[PDB]
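Take a look at this single chain in structure tokens; it is the form deposited in one PDB entry.
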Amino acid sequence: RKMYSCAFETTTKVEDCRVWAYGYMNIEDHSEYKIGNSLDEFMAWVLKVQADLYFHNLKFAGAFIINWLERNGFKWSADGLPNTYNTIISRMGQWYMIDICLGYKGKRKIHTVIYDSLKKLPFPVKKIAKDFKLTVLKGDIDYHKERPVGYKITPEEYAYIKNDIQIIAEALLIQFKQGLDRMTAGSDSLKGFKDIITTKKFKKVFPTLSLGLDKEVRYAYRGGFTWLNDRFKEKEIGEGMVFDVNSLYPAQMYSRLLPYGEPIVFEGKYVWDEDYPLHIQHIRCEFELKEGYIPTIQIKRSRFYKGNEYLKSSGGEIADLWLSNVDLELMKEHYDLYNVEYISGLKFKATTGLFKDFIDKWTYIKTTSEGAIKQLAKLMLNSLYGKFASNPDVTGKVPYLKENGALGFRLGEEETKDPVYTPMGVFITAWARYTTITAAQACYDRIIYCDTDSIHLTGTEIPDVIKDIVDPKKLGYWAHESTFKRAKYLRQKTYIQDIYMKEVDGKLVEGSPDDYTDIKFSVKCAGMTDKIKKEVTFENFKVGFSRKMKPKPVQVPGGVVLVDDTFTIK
């Protein structure tokens, strides 16, 4: 089974949308490569190679391939029948795999499978080249140039195409050579962890719970603490600083008490069991936030509450929640509780050892290393957590060739994947929350904003109460990230800042209010592109700010084209 790195270059017209150039390069032998100007020529090769092919960002390239397949006697089927293709396309419209089936010799399936290398390496090509220390050509292909059918590729364009497939070829090979061969970064991460722990032990510490338990365990899942102090809402403020936790999640995984094994179900209020020290409690009650304390509770699926705001009060109706003991302890400290009704719960065996070996291994490699290998170490540490915190829904989109020659997608069969071990998801995030909320509270008089692993504060001095836990590099510590001259927060995840910058050898880094030469303007706003951010200033950054320069994908006959769309701050 050979592996190839692949790329297309396409036209931008709605009416005339087609591949004008392709390239493939053997990942294991970079001297074997081909660059052509015909999709038909490439697809003929696709059907012969019986190989695994990778495109960087399949979502785009894949639309051109499916368009060809449907026009050349292929149909979509999940069964893997002769002359059919299969796909993995999520509810979110992320592409994972196109599996093109030709037939069978004996029982051995004759097929070519296409994967998205962006799930292996979640970065743009240039960003990869820069970080992995790989040769990257300056500039780009001129997209404002007319290329009729049969257009001959110039030697410079040829160079650029080759460079693209090669950067990905070089990065993927380095990865496969570490033995990281799974479809996604997270899978590689899980596989590496499993190797260390042992399948035998893994199955014992992380058993598969029934769908029913799993459903109740996930009622306790909350995510990340994201909160803006009402005091600062939509106001231009002065100097402040930002702190960031060094690897918030691996930090919890490394040292916190976490659950393992089969849970034990109990009725009523939990009583302390040292063999089962962690628990989730299904509670019911009213509450009022204490004075001088940060809001903690968010009620997800209820008739009364707003799912997004952290609640100051139960509002005169009764709150029904499932809480990890970590969350419950925190709630009790921040709220007066009233009429507490203890319904039932689950208790778990707990340890702190489960992740040390895996983190140590890759933390070592990270500091020991540089370049590509350093980047892959980071991926391994940062991709594992996600695997414990995913829902079981793996329902996909089924492509079809539309009435007018474009592509359509219909939801397929409902389908469920077994979860890895959801209680681990619950507790890693609760501990994460505790880390952030705790610090933010200790700085109540200066706290502006929280976002999962960062704290935004008034003033420029490090508060005494956290000086002992501030470090530039130590795992799980708070790092003094940046300092701003002024800022404005519209709401959660919507704000702008003027960051102090200092030049250190040509390059520009974060400076202090005394030691600085420049101001870096930074914009954070959901759905806003890098291009649009450059248009934002302090004066215009308001609800209603609108620009018609957001690319939207449009399926047309032949493939996908990007078109300009109006984006507005709601």
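Numbering starts at 1 and runs along the sequence shown. In this text, rigid core is short for the largest set of C-alphas that superpose within 1.5 Å between two forms.
One more form of this protein should be noted, the form deposited in another entry, which is absent from this view; the next part is about it.
Here the two forms are overlaid on the core, and between this form and the one not shown the C-alpha of 302 is the only one among 187, 460, 351, 302 to shift by 2 Å or more. Core-superposed comparison between this form and the one not shown: the CA of residue 50 stays below a 2 Å shift. A displacement of 2 angstroms or greater separates the C-alpha positions of residue 525 between this form and the one not shown, with the rigid core held in common.
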